[PDB]
file data-v4.pdb (PDB, C-alpha atoms)
MODEL        1
ATOM      1  CA  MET A   1     -37.227  -3.886 155.664  1.00  0.00           C
ATOM      2  CA  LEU A   2     -38.091  -1.686 158.645  1.00  0.00           C
ATOM      3  CA  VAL A   3     -39.522  -2.999 161.916  1.00  0.00           C
ATOM      4  CA  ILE A   4     -40.934  -0.924 164.771  1.00  0.00           C
ATOM      5  CA  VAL A   5     -40.278  -2.944 167.926  1.00  0.00           C
ATOM      6  CA  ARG A   6     -42.375  -1.774 170.874  1.00  0.00           C
ATOM      7  CA  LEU A   7     -40.901  -2.442 174.317  1.00  0.00           C
ATOM      8  CA  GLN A   8     -42.913  -3.069 177.484  1.00  0.00           C
ATOM      9  CA  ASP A   9     -43.513   0.672 177.802  1.00  0.00           C
ATOM     10  CA  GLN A  10     -41.288   2.143 175.090  1.00  0.00           C
ATOM     11  CA  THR A  11     -40.772   2.334 171.326  1.00  0.00           C
ATOM     12  CA  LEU A  12     -37.669   1.735 169.209  1.00  0.00           C
ATOM     13  CA  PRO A  13     -37.299   1.134 165.448  1.00  0.00           C
ATOM     14  CA  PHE A  14     -35.118  -1.594 163.938  1.00  0.00           C
ATOM     15  CA  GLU A  15     -33.380  -2.009 160.580  1.00  0.00           C
ATOM     16  CA  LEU A  16     -33.818  -5.418 158.948  1.00  0.00           C
ATOM     17  CA  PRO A  17     -32.572  -6.961 155.674  1.00  0.00           C
ATOM     18  CA  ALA A  18     -34.599  -7.350 152.480  1.00  0.00           C
ATOM     19  CA  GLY A  19     -37.561  -9.703 152.727  1.00  0.00           C
ATOM     20  CA  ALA A  20     -36.540 -10.183 156.352  1.00  0.00           C
ATOM     21  CA  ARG A  21     -38.679 -12.279 158.696  1.00  0.00           C
ATOM     22  CA  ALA A  22     -39.463 -12.877 162.368  1.00  0.00           C
ATOM     23  CA  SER A  23     -36.361 -15.078 162.370  1.00  0.00           C
ATOM     24  CA  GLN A  24     -33.806 -12.388 161.534  1.00  0.00           C
ATOM     25  CA  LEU A  25     -35.574  -9.883 163.784  1.00  0.00           C
ATOM     26  CA  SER A  26     -35.654 -12.263 166.749  1.00  0.00           C
ATOM     27  CA  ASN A  27     -31.908 -12.684 166.232  1.00  0.00           C
ATOM     28  CA  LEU A  28     -31.111  -8.965 166.330  1.00  0.00           C
ATOM     29  CA  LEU A  29     -33.089  -8.504 169.547  1.00  0.00           C
ATOM     30  CA  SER A  30     -31.723 -11.780 170.914  1.00  0.00           C
ATOM     31  CA  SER A  31     -28.166 -10.526 170.419  1.00  0.00           C
ATOM     32  CA  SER A  32     -28.841  -8.075 173.249  1.00  0.00           C
ATOM     33  CA  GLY A  33     -28.858  -9.008 176.924  1.00  0.00           C
ATOM     34  CA  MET A  34     -32.645  -9.009 177.208  1.00  0.00           C
ATOM     35  CA  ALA A  35     -34.832 -11.652 175.568  1.00  0.00           C
ATOM     36  CA  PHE A  36     -38.630 -11.441 175.528  1.00  0.00           C
ATOM     37  CA  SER A  37     -41.490 -12.554 173.280  1.00  0.00           C
ATOM     38  CA  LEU A  38     -42.177 -10.644 170.064  1.00  0.00           C
ATOM     39  CA  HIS A  39     -45.713 -10.855 168.676  1.00  0.00           C
ATOM     40  CA  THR A  40     -47.627  -8.575 166.309  1.00  0.00           C
ATOM     41  CA  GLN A  41     -51.303  -7.975 165.541  1.00  0.00           C
ATOM     42  CA  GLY A  42     -52.009  -9.725 168.830  1.00  0.00           C
ATOM     43  CA  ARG A  43     -50.556 -12.921 167.386  1.00  0.00           C
ATOM     44  CA  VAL A  44     -47.184 -14.650 167.719  1.00  0.00           C
ATOM     45  CA  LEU A  45     -44.742 -14.410 164.813  1.00  0.00           C
ATOM     46  CA  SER A  46     -43.527 -17.558 163.058  1.00  0.00           C
ATOM     47  CA  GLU A  47     -39.833 -18.232 162.446  1.00  0.00           C
ATOM     48  CA  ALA A  48     -40.664 -17.934 158.746  1.00  0.00           C
ATOM     49  CA  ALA A  49     -43.149 -15.094 159.221  1.00  0.00           C
ATOM     50  CA  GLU A  50     -42.432 -12.294 156.748  1.00  0.00           C
ATOM     51  CA  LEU A  51     -44.582  -9.169 157.033  1.00  0.00           C
ATOM     52  CA  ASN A  52     -42.999  -6.278 155.133  1.00  0.00           C
ATOM     53  CA  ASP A  53     -41.200  -2.938 155.418  1.00  0.00           C
ATOM     54  CA  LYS A  54     -42.222  -0.362 158.024  1.00  0.00           C
ATOM     55  CA  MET A  55     -43.921  -3.015 160.154  1.00  0.00           C
ATOM     56  CA  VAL A  56     -44.632  -3.135 163.889  1.00  0.00           C
ATOM     57  CA  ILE A  57     -43.750  -5.854 166.395  1.00  0.00           C
ATOM     58  CA  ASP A  58     -45.077  -5.929 169.957  1.00  0.00           C
ATOM     59  CA  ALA A  59     -42.413  -7.107 172.403  1.00  0.00           C
ATOM     60  CA  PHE A  60     -43.913  -8.685 175.522  1.00  0.00           C
ATOM     61  CA  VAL A  61     -41.653  -9.469 178.480  1.00  0.00           C
ATOM     62  CA  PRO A  62     -42.274 -12.171 181.117  1.00  0.00           C
ATOM     63  CA  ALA A  63     -43.789 -11.094 184.435  1.00  0.00           C
ATOM     64  CA  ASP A  64     -44.692 -12.605 187.807  1.00  0.00           C
ATOM     65  CA  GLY A  65     -47.865 -14.677 187.707  1.00  0.00           C
ATOM     66  CA  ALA A  66     -48.123 -14.087 183.966  1.00  0.00           C
ATOM     67  CA  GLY A  67     -50.698 -11.312 184.177  1.00  0.00           C
ATOM     68  CA  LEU A  68     -54.364 -11.250 185.161  1.00  0.00           C
ATOM     69  CA  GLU A  69     -55.483  -7.995 183.544  1.00  0.00           C
TER      70      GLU A  69
ENDMDL
END
call {"tool": "encode", "arguments": {"input": "data-v4.pdb", "output": "structure tokens"}}
result
Amino acid sequence: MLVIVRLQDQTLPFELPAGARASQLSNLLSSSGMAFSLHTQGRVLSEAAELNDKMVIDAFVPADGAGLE
């Protein structure tokens, strides 16, 4: 399945296995040096969350003071 991971202020697609889930995805991104939250549809993704192919995941990174606005 395909997953469009959106970075703080950037966009980058990701190739996932069949019937993949937030678990596998989180792993791929986790493998890298950076590690931020990955939620979609304005809601957090469950470890067993399985959307589908050609999906979109919003990657939110931690900031100072969380974020007022």
call {"tool": "closest_residue", "arguments": {"input": "data-v4.pdb", "among": "A:42, A:67, A:13, A:62", "to": "residue A:29", "atoms": "all atoms listed in the file"}}
result
A:13
call {"tool": "atom_distance", "arguments": {"input": "data-v4.pdb", "atom1": "atom CA of residue A:31", "atom2": "atom CA of residue A:14"}}
result
13.0 Å
call {"tool": "atom_distance", "arguments": {"input": "data-v4.pdb", "atom1": "atom CA of residue A:48", "atom2": "atom CA of residue A:3"}}
result
15.3 Å
call {"tool": "residues_around", "arguments": {"input": "data-v4.pdb", "residues": "residue A:59", "least_positions_apart": "4", "cutoff": "8 Å", "atoms": "all atoms listed in the file", "output": "list in words"}}
result
residues 5, 6, 7, 8, 36, 37, 38 and 39 of chain A
call {"tool": "residues_around", "arguments": {"input": "data-v4.pdb", "residues": "residue A:16", "least_positions_apart": "4", "cutoff": "8 Å", "atoms": "only C-alpha atoms", "output": "list in words"}}
result
residues 1, 2, 3, 20, 24 and 25 of chain A
call {"tool": "write_last_selection", "arguments": {"input": "data-v4.pdb", "atoms": "C-alpha atoms", "output": "short mmCIF file (atom, residue, chain, number, x, y, z; two decimals), in the coordinates of the input"}}
result
data_model
loop_
_atom_site.label_atom_id
_atom_site.label_comp_id
_atom_site.auth_asym_id
_atom_site.auth_seq_id
_atom_site.Cartn_x
_atom_site.Cartn_y
_atom_site.Cartn_z
CA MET A 1 -37.23 -3.89 155.66
CA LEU A 2 -38.09 -1.69 158.65
CA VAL A 3 -39.52 -3.00 161.92
CA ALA A 20 -36.54 -10.18 156.35
CA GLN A 24 -33.81 -12.39 161.53
CA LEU A 25 -35.57 -9.88 163.78
#
call {"tool": "closest_residue", "arguments": {"input": "data-v4.pdb", "among": "A:63, A:4, A:52, A:47", "to": "residue A:27", "atoms": "all atoms listed in the file"}}
result
A:47
call {"tool": "decode", "arguments": {"input": "data-v4.pdb", "residues": "stretch 22-53 of chain A", "atoms": "N, CA, C and O atoms", "output": "tab-separated table (two decimals), in the first residue's frame"}}
result
chain	number	residue	atom	x	y	z
A	22	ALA	N	-0.46	1.49	10.49
A	22	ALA	CA	0.31	2.54	11.15
A	22	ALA	C	1.57	1.98	11.79
A	22	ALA	O	2.56	2.68	11.95
A	23	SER	N	1.52	0.70	12.17
A	23	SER	CA	2.66	0.05	12.80
A	23	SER	C	3.85	0.01	11.86
A	23	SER	O	4.90	0.60	12.15
A	24	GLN	N	3.69	-0.68	10.74
A	24	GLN	CA	4.76	-0.80	9.75
A	24	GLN	C	5.28	0.58	9.35
A	24	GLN	O	6.49	0.82	9.34
A	25	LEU	N	4.37	1.48	9.02
A	25	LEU	CA	4.73	2.83	8.61
A	25	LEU	C	5.61	3.50	9.67
A	25	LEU	O	6.71	3.97	9.37
A	26	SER	N	5.12	3.53	10.91
A	26	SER	CA	5.86	4.14	12.01
A	26	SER	C	7.27	3.58	12.08
A	26	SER	O	8.21	4.29	12.45
A	27	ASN	N	7.42	2.30	11.74
A	27	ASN	CA	8.72	1.65	11.77
A	27	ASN	C	9.65	2.23	10.71
A	27	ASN	O	10.78	2.62	11.00
A	28	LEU	N	9.16	2.30	9.47
A	28	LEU	CA	9.95	2.83	8.37
A	28	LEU	C	10.48	4.22	8.70
A	28	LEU	O	11.67	4.50	8.56
A	29	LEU	N	9.58	5.10	9.14
A	29	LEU	CA	9.96	6.46	9.50
A	29	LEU	C	10.85	6.48	10.73
A	29	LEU	O	11.76	7.31	10.85
A	30	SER	N	10.60	5.55	11.65
A	30	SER	CA	11.38	5.46	12.88
A	30	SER	C	12.82	5.06	12.58
A	30	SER	O	13.75	5.49	13.26
A	31	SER	N	13.00	4.23	11.55
A	31	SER	CA	14.32	3.77	11.16
A	31	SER	C	15.27	4.95	10.94
A	31	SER	O	16.46	4.85	11.21
A	32	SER	N	14.72	6.05	10.45
A	32	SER	CA	15.51	7.25	10.19
A	32	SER	C	15.98	7.88	11.50
A	32	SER	O	15.65	7.40	12.59
A	33	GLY	N	16.74	8.97	11.39
A	33	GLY	CA	17.24	9.65	12.57
A	33	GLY	C	16.16	10.43	13.29
A	33	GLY	O	16.14	10.49	14.51
A	34	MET	N	15.25	11.03	12.52
A	34	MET	CA	14.16	11.81	13.09
A	34	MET	C	13.03	10.90	13.55
A	34	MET	O	12.87	9.79	13.05
A	35	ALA	N	12.24	11.39	14.50
A	35	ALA	CA	11.12	10.62	15.03
A	35	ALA	C	10.04	11.54	15.59
A	35	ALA	O	10.15	12.03	16.72
A	36	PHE	N	8.99	11.76	14.81
A	36	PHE	CA	7.89	12.63	15.23
A	36	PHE	C	6.56	11.88	15.17
A	36	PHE	O	6.50	10.73	14.73
A	37	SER	N	5.50	12.55	15.61
A	37	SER	CA	4.17	11.95	15.61
A	37	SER	C	3.61	11.87	14.19
A	37	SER	O	3.89	12.72	13.35
A	38	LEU	N	2.81	10.84	13.93
A	38	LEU	CA	2.20	10.65	12.62
A	38	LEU	C	0.70	10.40	12.74
A	38	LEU	O	0.27	9.28	13.01
A	39	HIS	N	-0.09	11.45	12.53
A	39	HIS	CA	-1.54	11.34	12.61
A	39	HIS	C	-2.19	11.75	11.29
A	39	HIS	O	-1.66	12.58	10.56
A	40	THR	N	-3.35	11.16	11.00
A	40	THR	CA	-4.07	11.46	9.77
A	40	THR	C	-5.51	11.85	10.06
A	40	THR	O	-6.06	11.49	11.10
A	41	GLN	N	-6.12	12.59	9.14
A	41	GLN	CA	-7.51	13.02	9.30
A	41	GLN	C	-7.69	13.79	10.61
A	41	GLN	O	-8.78	13.82	11.17
A	42	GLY	N	-6.61	14.40	11.09
A	42	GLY	CA	-6.67	15.15	12.33
A	42	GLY	C	-6.79	14.26	13.54
A	42	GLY	O	-7.13	14.72	14.63
A	43	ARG	N	-6.51	12.97	13.36
A	43	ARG	CA	-6.59	12.01	14.46
A	43	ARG	C	-5.38	11.09	14.46
A	43	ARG	O	-4.85	10.73	13.41
A	44	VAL	N	-4.93	10.71	15.66
A	44	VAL	CA	-3.78	9.82	15.80
A	44	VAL	C	-4.06	8.45	15.20
A	44	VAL	O	-5.21	7.99	15.18
A	45	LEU	N	-3.01	7.80	14.71
A	45	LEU	CA	-3.15	6.47	14.11
A	45	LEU	C	-2.80	5.38	15.12
A	45	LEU	O	-1.80	5.47	15.83
A	46	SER	N	-3.64	4.35	15.17
A	46	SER	CA	-3.42	3.24	16.10
A	46	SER	C	-2.38	2.27	15.55
A	46	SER	O	-2.19	2.17	14.34
A	47	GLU	N	-1.71	1.56	16.45
A	47	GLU	CA	-0.68	0.60	16.05
A	47	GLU	C	-1.25	-0.44	15.10
A	47	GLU	O	-0.52	-1.04	14.31
A	48	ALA	N	-2.56	-0.66	15.19
A	48	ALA	CA	-3.23	-1.64	14.34
A	48	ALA	C	-4.07	-0.95	13.27
A	48	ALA	O	-4.80	-1.60	12.53
A	49	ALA	N	-3.97	0.38	13.21
A	49	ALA	CA	-4.72	1.16	12.24
A	49	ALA	C	-4.30	0.81	10.81
A	49	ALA	O	-3.12	0.90	10.47
A	50	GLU	N	-5.27	0.42	9.99
A	50	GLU	CA	-5.00	0.06	8.60
A	50	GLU	C	-5.95	0.79	7.65
A	50	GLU	O	-7.09	0.38	7.47
A	51	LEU	N	-5.46	1.87	7.06
A	51	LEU	CA	-6.27	2.66	6.13
A	51	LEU	C	-6.41	1.94	4.79
A	51	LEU	O	-7.34	1.16	4.59
A	52	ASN	N	-5.48	2.21	3.88
A	52	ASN	CA	-5.50	1.59	2.56
A	52	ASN	C	-4.36	2.11	1.69
A	52	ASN	O	-3.45	2.78	2.18
A	53	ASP	N	-4.41	1.80	0.40
A	53	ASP	CA	-3.38	2.24	-0.53
A	53	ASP	C	-3.60	3.70	-0.94
A	53	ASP	O	-4.73	4.18	-0.96
